[PDB]
Every structure is written in structure tokens, then in C-alpha cells.
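Protein chains in written order, with the UniProt record's numbering: chain W, 138 to 249, 252 to 271; chain V, 137 to 249, 252 to 272.
Beta carbons are placed, not taken as given, at the ideal position from N, Cα and C, and that holds for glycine.
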Amino acid sequence: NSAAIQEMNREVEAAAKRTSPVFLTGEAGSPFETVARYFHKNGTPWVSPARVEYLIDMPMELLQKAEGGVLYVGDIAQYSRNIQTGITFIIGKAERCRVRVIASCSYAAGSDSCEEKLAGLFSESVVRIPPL
Amino acid sequence: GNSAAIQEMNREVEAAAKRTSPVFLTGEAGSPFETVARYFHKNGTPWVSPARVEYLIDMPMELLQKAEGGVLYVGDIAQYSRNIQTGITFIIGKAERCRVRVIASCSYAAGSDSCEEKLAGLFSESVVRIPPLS
């Protein structure tokens with residue numbers, strides 16, 4: 138309903154149009170799962186690992202379970218660099234397996252560097268050239 | 137050369153040097169985009185740049201072939217049409233398997249004044267920000 142919710146809903150419409158990962162960001166305690174679910178289509182898989190270690194131990198099993206659906210990897214704010222690297226492996230295979238990868242990243246209220256974690260999962264690099 | 141804003145810029149360059157995915161350079165009109173893009177060039181590998189912008193939609197495989205093991209520098213996208221931008225996306229999606237690294241720039245009017255819509259269109263994910271509730 139809000140004006141902030143309006144803009145957000147614009148970001149989810151732009152996202153709806155693609156097959157690449159969606160990254161949800163917001164304050165600790167945000168409704169991450171309900172927004173992630175806006176990308177779920179009825180009668181397709183919605184897979185979320187029962188345990189975090191599954192992201193590195195059984196990435197292929199999760200991609201298979203999730204075929205034509207979504208692999209929701211959860212909130213990365215407290216994931217180790219290892220799991221983060223696991224997610225990158227899953228990201229680079231998901232298209233082929235026809236899985237859409239969704240991740241969240243929560244941060245402390247008061248906008249407290253999810254950005255370092257997200258930049259590592261993003262599939263490109265940005266370098267900003269200052270004025271001379 | 138030297139300053140504190142550069143120092144950071146060079147942080148962004150080093151983090152980028154560590155990867156095979158695209159690199160996107162952003163900065164004001166008249167930035168040395170090409171000299172910075174060239175920091176990712178390794179000696180003896182191809183440095184390929186389309187002589188014509190339309191080559192990006194007309195002959196994407198030819199450019200990827202020329203650039204194998206090197207870089208395809210696609211140029212400054214600030215005034216590229218939606219079509220060309222979609223051409224770059226097609227090229228981005230094949231570059232890895234062809235062992236080509238894609239580099240793009242986007243320039244904006246001085247000041248620091252929607253490069254962001256072009257770039258986010260060539261970015262290989264989407265970000266949705268959930269505002270505070272309660």
C-alpha cells in the first residue's frame with residue numbers, strides 16, 4: 138500500500154521478467170519469505186535447504202528437487218564465506234537445471252555491508268571512476 | 137594516478153581482477169574509461185572492440201571468436217539503443233564458454249547526476267529492497 142511499498146513492487150515486477158537470481162535486501166525482521174514467494178508459480182517446486190550445510194554438501198540434489206521452480210537459499214547475513222561460495226556454485230548451474238535462485242540479506246535496523256556479501260554473489264563487477 | 141578517491145577505485149579494480157564475469161566501468165563523461173578497462177588486459181591476449189556499434193547485434197559470434205582468451209570491450213553504453221543493450225546481454229551469456237571477458241562502460245553528465255537502468259539491465263541478477271514495516 139505505501140509509497141515505499143509501491144517502489145518495491147516496481148522492483149519485483151522488473152525481477153518477475155527474468156530467470157537470473159533475485160536478491161532480496163531489507164532490515165532484520167523483514168518478510169523475506171513472503172516477498173520471495175511472489176516469484177513462485179503454482180505447482181512448481183519451492184525448495185529451501187532444511188540445513189545450511191546442504192548448500193555446499195548437496196548442491197546438485199537441491200537443483201534437481203527445484204527443477205522448473207525456485208531454490209530459495211535463505212538469508213545470507215550470517216553465512217560463512219564457504220556457504221557463500223557454495224551459493225555461487227549453485228547460481229552458475231541453476232539456469233541449465235531450470236531453477237531460479239533467490240537469496241535474502243538482512244541488516245540491522247537503522248540501515249546499520253550486506254553489500255560485500257551481495258557483491259560476491261553478483262555475477263559482475265562494477266568499478267567507479269572518479270572525476271579528474 | 138594517486139589520490140584517495142583513486143585508492144578506492146583501485147580497490148574496485150583488484151576485486152574485479154579476481155574474476156571472469158563482466159566488468160562495468162562507471163564515471164562522468166570524459167573519464168579515461170579505456171585506460172581503466174585496459175587494467176584487465178593481459179599481454180599477448182586479444183583486446184577486441186567492435187569498430188561499429190551495430191557489430192554487437194550483427195556479428196556477436198565473430199567478435200567472441202576474435203576475443204578468445206582476451207577481452208571484448210563493448211564500449212560506453214550511455215547512448216546505446218535497447219536493441220544493442222540486449223545484444224550485449226546475448227554476448228555476456230556466451231562469453232564465459234568462449235573464454236572472453238566482457239567489459240562495458242557507462243558515462244553520465246558531469247556533476248553526479252540512470253546509467254543505473256542501463257547497467258541493471260545488463261546485470262546478471264535483480265535486487266528488490268524491502269522497506270521497513272510496523
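Taking 8 Å as the threshold (beta carbon to beta carbon), is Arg237(W) in contact with chain V? The count along the first sequence starts at 1 and reaches residue 237(W) at position 100. Judged by the 8 Å Cβ criterion, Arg237(W) is not in contact with chain V.
Do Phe160(V) and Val207(V) have their CB atoms nearer than 8 Å? As a first step, residue 160(V) is located in the second sequence; it is residue number 24 there, counting from the start. As a first step, residue 207(V) is located in the second sequence; it is residue number 71 there, counting from the start. No, the Cβ-Cβ distance between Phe160(V) and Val207(V) is not below 8 Å.
Counting only beta-carbon atoms, is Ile213(V) nearer than 8 Å to chain W? Here residue 213(V) refers to the residue found at position 77 when the second sequence is read from its first residue. Not an interface residue.
Could you tell me the alpha carbon to alpha carbon distance between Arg233(V) and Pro182(V), rounded to whole angstroms? Here the question's residue 233(V) lines up with position 97 in the second sequence. Here the question's residue 182(V) lines up with position 46 in the second sequence. Cα-Cα distance, rounded: 16 Å.
Could you check the C-alpha separation between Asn219(V) and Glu255(V) for me, to the nearest Å? Start at 1 with the first residue of the second sequence, and residue 219(V) comes out as number 83. Start at 1 with the first residue of the second sequence, and residue 255(V) comes out as number 117. Their Cα atoms are separated by approximately 14 Å.
Within the chosen definition, does the region 231 to 248 of chain W reach the region 194 to 210 of chain W through at least 3 CB pairs nearer than 8 Å? In short, these stretches touch, since the Cβ pair count reaches three.
Would residue 251(V) and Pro270(W) be called neighbours here (beta carbons separated by less than 8 Å)? Chain V lacks the residues between 249 and 252, and residue 251(V) is one of those with no coordinates.
Could you check if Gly166(V) is buried or exposed, using at least 16 other CB atoms within 10 Å of its CB as the buried criterion? Position 30 of the second sequence holds residue 166(V). Classification of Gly166(V): exposed, given that the 10 Å Cβ count is below 16.
I'd like to know whether the C-beta of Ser262(V) is nearer than 8 Å to at least one C-beta of chain W. Within the second sequence, residue 262(V) is the residue found at index 124, counting from 1. Answer yes: the Cβ-Cβ gap between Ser262(V) and chain W drops below 8 Å somewhere.
Does DSSP put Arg235(V) in a helix, a strand or coil? Walking along the second sequence from the start, residue 235(V) turns up at place 99. Note: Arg235(V) maps to coil in three-state DSSP.
With a threshold of 8 Å between beta carbons, is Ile227(V) in contact with chain W? Here residue 227(V) is taken as the residue at index 91 of the second sequence, counted from 1. For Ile227(V), the answer is no, since every Cβ of chain W falls outside 8 Å of its Cβ.
Which residues bound the alpha helix (DSSP H) around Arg147(V)? Residue mapping note: residue 147(V) aligns to position 11 of the second sequence, counting from 1. Counting along the chain, the alpha helix (DSSP H) containing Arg147(V) begins and ends at 140 to 153.
Start and end residues, alpha helix (DSSP H) containing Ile193(V): Stepping through the second sequence from its first residue, residue 193(V) is reached at position 57. Where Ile193(V) is concerned, the enclosing alpha helix (DSSP H) stretches over 191 to 194.
Drop a sphere of 10 angstroms on the beta-carbon of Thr162(W), count the other beta-carbons inside from all chains shown, and report buried for 16 or more, exposed for fewer. On the first sequence, position 25 is the one that residue 162(W) refers to. The residue is buried, with at least 16 neighbouring Cβ atoms inside 10 Å.
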